[PDB]
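One chain is shown next in structure tokens, namely the form deposited in one PDB entry.
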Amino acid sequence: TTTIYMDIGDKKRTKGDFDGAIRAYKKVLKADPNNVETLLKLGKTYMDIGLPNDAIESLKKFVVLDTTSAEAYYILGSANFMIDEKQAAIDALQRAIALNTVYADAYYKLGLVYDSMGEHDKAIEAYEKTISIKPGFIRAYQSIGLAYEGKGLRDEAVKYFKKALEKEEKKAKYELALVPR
């Protein structure tokens, strides 16, 4: 029953029928409002269609019931940044990271949030952690550069902008298909 409607929702979501998927998950939640698996799926469905404000309604209920999912916190904090709730974003992303200390997406997002607030040194710390986990992630070097510009340290900024370029300098010369297809 929970099972039957959750399956309908999953299959509708896969098919791109996001209104149907939401209907099915809502039906699950009418009967079983504390179904955390459904709360996370309804949240994710709303994120898929670019409605973080609706997603957060489900993800808030999820974390009341379950404080153990790094992903839920990541999505909640990401959504909070989308809706201009930056301290709630930080709080959630911190929770995600505390739950998974190698969660590169969370550290990158946390850095984006801090830099948006003018918190350039906190941002650099989070981006540095991002690069320690995924040293091939080019935009993190760019983002570090921007944070240094934010501090008025243009020489350090240009050092990181150049680091970003250096990551693909071999490919740019020695391969043929560079530009997006």
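One rule holds for the numbers: they count along the sequence shown, beginning at 1. The term rigid core refers to the most C-alpha atoms you can superpose between the two forms while keeping them within 1.5 Å.
One more form of this protein, deposited in another entry, exists but is not displayed; see below.
Here the rigid core is superposed between the shown form and the other one, and of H120, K27, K41, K129 the C-alpha of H120 is the only one to shift by 2 Å or more. For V63, the Cα coordinates differ by under 2 angstroms between the shown form and the other one after the core has been superposed. With the core held fixed, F161 shows a CA shift of 2 Å or greater between the shown form and the other one.
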